[PDB]
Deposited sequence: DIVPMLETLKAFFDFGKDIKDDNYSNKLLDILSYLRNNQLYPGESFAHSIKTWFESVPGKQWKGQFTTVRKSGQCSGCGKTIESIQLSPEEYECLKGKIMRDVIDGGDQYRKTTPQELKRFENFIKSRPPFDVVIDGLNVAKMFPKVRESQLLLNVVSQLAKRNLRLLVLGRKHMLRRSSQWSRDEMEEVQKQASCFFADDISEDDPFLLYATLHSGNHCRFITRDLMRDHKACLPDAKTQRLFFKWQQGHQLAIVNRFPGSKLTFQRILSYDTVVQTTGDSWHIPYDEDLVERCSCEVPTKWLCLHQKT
């Protein structure tokens, strides 16, 4: 589909209807609101179309600070109001709710089932413990969302006991869905908590996810990797990617 969209940018160089241009800008806004990134050849067409504006293919510093503008890429951290927005509408089972509310916030919410079943070679009671042990080395509060299945041999427990002594474990019924509990416990704990597993808010969810998801651990950046603009500038990631199209005018 990106292939088709690119072709309309190419047509844009000669089509100087400024009503046509604002439909091309709508595409850019669609990319932003849905965490999509153009291909490299699509990026070239965007740069080229805008220049009919100065474009440069660049990278982003550790506190980017784009190498091209010197401008600072949008922050990945949610504002207190933005976070209280996204939080409210995700919660929009009471044993779990109780479990959370009678306890201090957590730092990492771990989807035990999906984490354990991702490196299929090793036993999954072992894999969970390994993830927990590496994280408990820094004294974080850990909530492991598990199932009654984990406390039934054989998921050697044994090994689950070592898990429960370094992480807090809530064992939901085996039929329960994973996503609701993880989203609740993480968002309830606060903007600081991370996890392992409308248009403005769907964007917020995407910003929140990118800045709070621990990927097996991958580093979380200071800045937000999305198509973005300030009016005088556009910053478009392409080909999360690390290459950026820099536009300023």
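**Student:** From the N-terminus onward, what segments of the deposited sequence lack any C-alpha atom in this model?
**Tutor:** Seq positions lacking coordinates: 1-4, 57-61, 102-117, 180-181, 225-236, 256-265, 289-298, 309-310.
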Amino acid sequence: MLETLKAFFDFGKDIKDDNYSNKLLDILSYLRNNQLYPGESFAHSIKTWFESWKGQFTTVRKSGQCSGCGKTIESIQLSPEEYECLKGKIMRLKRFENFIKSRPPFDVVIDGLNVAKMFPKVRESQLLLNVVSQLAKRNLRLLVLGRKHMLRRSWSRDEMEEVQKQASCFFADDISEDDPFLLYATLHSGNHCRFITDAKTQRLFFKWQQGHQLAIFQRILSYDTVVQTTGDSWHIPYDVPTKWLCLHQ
From here on, numbers count along this sequence of modelled residues.
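**Student:** I need to verify one thing: averaged over C-alpha atoms only, is the B-factor higher for 69-77 or for 157-165?
**Tutor:** Averaging CA B-factors over each stretch, the winner is 157-165.
**Student:** State which stretch shows the higher mean Cα B factor in the entry: 205-213 or 43-51.
**Tutor:** In the deposited entry, the stretch with the higher C-alpha B-factor mean is 43-51.
**Student:** Quick one: which of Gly64, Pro180, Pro38, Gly190 shows the highest Cα temperature factor in the PDB entry?
**Tutor:** Comparing C-alpha B-factors across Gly64, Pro180, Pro38, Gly190, the maximum falls on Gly64.
**Student:** Kindly indicate the residue among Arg95, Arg103, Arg141, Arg138 with the greatest C-alpha B-factor in the PDB record.
**Tutor:** By C-alpha B-factor in the record, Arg138 ranks first.
**Student:** Is the Cα B-factor recorded for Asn33 in the lowest, middle or highest third of its chain?
**Tutor:** Lowest third of the chain for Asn33's C-alpha B-factor.
**Student:** Just say lowest, middle or highest third for the CA B-factor of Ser222 relative to the other modelled residues in its chain.
**Tutor:** It belongs to the lowest third of the chain when residues are ordered by C-alpha B-factor.
**Student:** So where's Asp173 on the chain's Cα temperature factor ranking, which third?
**Tutor:** For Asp173, whose C-alpha B-factor we compare with every modelled residue in the chain, the answer is the highest third.
**Student:** For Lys16, return the chain-relative third of its C-alpha B-factor as stated in the PDB record: lowest, middle or highest.
**Tutor:** Tercile = highest for this residue's CA B-factor.
**Student:** Going by the entry, which third of its chain does the Cα temperature factor of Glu84 land in?
**Tutor:** Its C-alpha B-factor belongs to the lowest third of this chain's values.
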